[PDB]
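Note sheet for the following structure.
Cβ coordinates were reconstructed from backbone atoms using ideal geometry, including for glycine residues, and neighbour counts include every protein chain displayed. Just so you know, all these numbers are worked out from the coordinates, no wet-lab data involved.
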Amino acid sequence: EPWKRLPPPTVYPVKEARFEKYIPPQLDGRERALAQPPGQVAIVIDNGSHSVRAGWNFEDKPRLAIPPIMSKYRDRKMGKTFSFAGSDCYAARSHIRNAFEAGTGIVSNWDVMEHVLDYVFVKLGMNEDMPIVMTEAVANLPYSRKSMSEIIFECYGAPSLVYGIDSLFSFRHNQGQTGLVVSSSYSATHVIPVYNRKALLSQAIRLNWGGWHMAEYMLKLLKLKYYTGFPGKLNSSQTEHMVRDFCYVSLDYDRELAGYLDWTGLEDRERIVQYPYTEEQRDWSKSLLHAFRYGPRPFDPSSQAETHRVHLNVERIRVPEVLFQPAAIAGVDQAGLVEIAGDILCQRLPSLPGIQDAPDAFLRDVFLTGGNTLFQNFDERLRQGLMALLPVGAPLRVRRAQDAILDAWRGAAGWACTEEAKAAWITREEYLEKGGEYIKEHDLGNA
Amino acid sequence: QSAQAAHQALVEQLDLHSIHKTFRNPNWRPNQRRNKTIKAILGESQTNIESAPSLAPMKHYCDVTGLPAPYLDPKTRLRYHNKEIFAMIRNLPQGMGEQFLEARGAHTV
Ligand SMILES: Nc1ncnc2c1ncn2[C@@H]1O[C@H](COP(=O)(O)OP(=O)(O)OP(=O)(O)O)[C@@H](O)[C@H]1O
Ligand SMILES: [Mg+2]
């Protein structure tokens, strides 16, 4: 029988978000900042919903990358409050709160956010004054911008602040002159047309699907697959690492899907992650649900090693495909990524009367940004989808950002002290005049 | 035990609460109601108008396995790939059918 002939399975330990080590305040950073020329220093904060990334504009990478979470509690066995605001918070009692409203790009728990900023400035080595460049969401809400502005000016006393968009910093860092920027991120997915280095934000679209939604959806699927009761504790922190490690975009979904559970070759369409177990003529071989749940091998509940493992199978491809088929696969009731990009390129930009050489000028650089684009074949899937919509022989190119996570911070850092940026800075006195809803409109920021 | 003492030493080393943030303005204290929800922030308006619906025909997938589904069960409203999965679907525990709809974000509650 085939299962007698198959090799022993290869199995991956479950990964999760974990604390690894303490990092002290980086006092050499404060020293270097005081050594730079005047007006050529800023603190740069890519306020990402998955990671807050922070560092000095004069450096090539962030010094900090931490989740936007706090844990604060009183230890009843010691009588003192403890507070943690990054990966020091182990994501060991996990009283976690998150600055962001879950599944959105918008900050809403300002107490967590203010504790997160406290951690940032402590670990940047500030002890008593520096310009701050901060990324915000596309179309970030005025009330949210006000609250963040109040914190930066009135609590921390910072001299100057500017808000840009992480997507657009990433585009300019990769020499983006004109193009269609496609961002898929933890919070969301965006398509933004950029014309002569200025984003046409009135033409941008948000999908409301992203890396957070994939981890949550992957969790729903696993809890359904093992609804008989998986003995391990399923957390979306684990399913995030599954989506990163194992999922990929299909080049031909229906043709790849319909054969995916075929008993031949399922031996390595499946992938197996093991949870840490506590060690002590019609049958399964013709059933589909055994293949779905347990793959090409016999199963016994006697083995603690063969319980406490999940077999991914169809969700290897079914999870990324929600971006392309949102209503079909997850009821998201929104146009797919290819249909969104197609609508912009085909309908909007040729109609928009100020533009010249549309779509063709944009087709020459469709640009991919944000971590949730890093799936394999994401580019080729997007290219082939657009190629069917664009006129024959259109010079479509799809291009990935270099280092598509940190690169958005590098764009902000390189931009931070340019004259275009310093024209966009708001000073505290301008804030005290105008209040925190006011902004200098500029190429890389909201209206 | 030293392991527990070392854990306490690490927990102290990680703690931010013991540290006086010299850069904080002590006089400033927030409005405690500032943590509004997005629903409230939007509703206070009376640009998050970037959402995009669709009109393309929708392909049908199996609620249990995600394989393509030829069939829709008129009872459970679940989509299913084959008669083996139909056998499962009507043998589900009392609340499980609603959970399969919830993964589509369909509901009948
Ligand atoms: N190699 C990878 N392949 C697939 N997904 C990945 C990979 N690396 C990270 N991700 C996922 O992509 C997301 C990271 O996105 P990113 O860090 O660019 O967003 P962000 O700036 O934190 O968020 P946002 O702008 O939405 O507020 C996470 O969901 C993460 O799990
Ligand atoms: Mg981001």
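Any residue that is within 16 Å of ligand 2 (Cβ to nearest atom) and closer than 30 Å to A:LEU64 by Cα - is there at least one of those in region A:374-396? Taking every residue of region A:374-396 in turn, at least one turns out to be within 16 Å of ligand 2 (Cβ to nearest atom) and closer than 30 Å to A:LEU64 by Cα.
Scanning region A:43-99 for residues being away from ligand 1 (no atom under 16 Å from the Cβ) and hydrophobic (A, V, I, L, M, F, W, C) gives a total of 11.
Scan region A:100-143 for residues that are hydroxyl-bearing (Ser, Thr, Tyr), closer than 21 Å to A:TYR438 by Cβ, within 12 Å of ligand 1 (Cβ to nearest atom) and not in a strand (DSSP E or B) and the total you get is 0. The residue pairs whose first member lies in region A:36-54 and is within 14 Å of chain B (Cβ to nearest Cβ) and within 19 Å of A:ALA421 (Cα to Cα), whose second member is among the aromatic types (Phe, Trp, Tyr) and within 10 Å of ligand 2 (Cβ to nearest atom), and whose beta carbons are closer than 6 Å, counting only pairs six or more residues apart or on different chains, do not exist in this structure. So, in region A:309-345, of the ones that are assigned to a helix (DSSP H, G or I) and touching a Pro at 6+ places or on another chain (Cβ under 7 Å), which residue ends up nearest to A:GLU216 (Cα to Cα)? If we take residues in region A:309-345 being assigned to a helix (DSSP H, G or I) and touching a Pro at 6+ places or on another chain (Cβ under 7 Å), then A:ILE344 is nearest to A:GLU216 (Cα to Cα).
Selection of region A:178-206 for residues being buried (at least 23 other Cβ atoms within 10 Å of the Cβ) and within 14 Å of ligand 2 (Cβ to nearest atom) yields A:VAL181, A:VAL182, A:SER183, A:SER184, A:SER185, A:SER187, A:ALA188, A:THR189, A:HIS190, A:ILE192, A:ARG206.
Let's see how each residue does on (1) within 30 Å of A:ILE340 (Cα to Cα); (2) more than 24 Å from the chain's Cα centre (by Cα); (3) exposed (fewer than 15 other Cβ atoms within 10 Å of the Cβ):
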{"site": "B:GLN4", "(1), (2), (3)": "no, yes, yes"}
{"site": "B:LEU16", "(1), (2), (3)": "no, yes, no"}
{"site": "B:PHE23", "(1), (2), (3)": "no, yes, no"}
{"site": "B:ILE41", "(1), (2), (3)": "yes, no, no"}
{"site": "B:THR76", "(1), (2), (3)": "no, no, no"}
{"site": "B:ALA87", "(1), (2), (3)": "no, yes, yes"}
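The single condition from (1) away from ligand 2 (no atom under 16 Å from the Cβ); (2) closer than 24 Å to A:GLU150 by Cβ that A:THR104 fails is (1).
Among the candidates A:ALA328, A:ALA305, A:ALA361, which residue alone is within 12 Å of another protein chain (Cβ to nearest Cβ) and over 19 Å from the mean Cα position of the chain (by Cα)? First the steps, then the outcome.
Working: A:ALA305 fails: within 12 Å of another protein chain (Cβ to nearest Cβ); A:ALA361 fails: within 12 Å of another protein chain (Cβ to nearest Cβ).
Of the residues listed, the single one that is within 12 Å of another protein chain (Cβ to nearest Cβ) and over 19 Å from the mean Cα position of the chain (by Cα) is A:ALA328.
Which residues, counting only those in region A:9-24, are among the aliphatic types (A, V, I, L, M) and in a loop (DSSP other than H, G, I, E, B)?
Residues of region A:9-24 among the aliphatic types (A, V, I, L, M): A:11, A:14, A:17, A:23.
Once the filter is applied, which keeps residues that are among the aliphatic types (A, V, I, L, M) and in a loop (DSSP other than H, G, I, E, B), region A:9-24 yields A:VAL14, A:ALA17, A:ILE23.
Within region A:83-94, is even one residue surrounded by fewer than 20 Cβ atoms within 10 Å (Cβ to Cβ) and either in a helix (DSSP H, G or I) or within 17 Å of the chain's Cα centre (by Cα) (or both)? Yes: one or more hits. Yes or no: B:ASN82 on the phi < 0 side of the Ramachandran plot, loosely packed, with under 10 Cβ neighbours inside 10 Å and more than 26 Å from the chain's Cα centre (by Cα)? The answer is no for B:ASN82. Within this structure, A:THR228 fails the test of being touching a helix residue (DSSP H, G or I) at 6+ places or on another chain (Cβ under 6 Å) and either under 19 Å from A:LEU337 (Cα atoms) or of a type in the set (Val, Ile, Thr) (or both). The number of residues in region A:53-73 being under 24 Å from B:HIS17 (Cα atoms), more than 10 Å from ligand 2 (Cβ to nearest atom) and in a strand (DSSP E or B) comes to 10.
Within region A:168-185, restricting attention to residues that are part of a strand (DSSP E or B) and among the small types (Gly, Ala, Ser), the residue that is nearest to A:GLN347 (Cα to Cα) is A:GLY179.
Which residue is nearest to A:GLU216 (Cα to Cα), if the candidates are limited to region A:188-201 and must be assigned to a loop (DSSP other than H, G, I, E, B) and out of contact with any strand residue (DSSP E or B) (no Cβ under 7 Å at 6 or more places or on another chain)?
If we filter region A:188-201 for residues that are assigned to a loop (DSSP other than H, G, I, E, B), which is where we start, we get A:188, A:196-197, A:200.
Checking which are out of contact with any strand residue (DSSP E or B) (no Cβ under 7 Å at 6 or more places or on another chain) leaves us with A:196-197.
On the way: A:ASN196: 38, A:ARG197: 35 Å.
Going through the qualifying residues, I end up with A:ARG197.
Considering region A:362-447, the qualifying helices (runs of 4 or more DSSP H), each wholly inside and each with 2 or more residues that are under 19 Å from A:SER160 (Cα atoms), run over A:407-415, A:419-424, A:428-434. Comparison of B:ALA106, B:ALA52 shows that the only residue that is under 26 Å from A:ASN208 (Cβ atoms), within 9 Å of chain A (Cβ to nearest Cβ) and in contact with a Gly (Cβ under 8 Å, 6 or more places away or on another chain) is B:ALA106.
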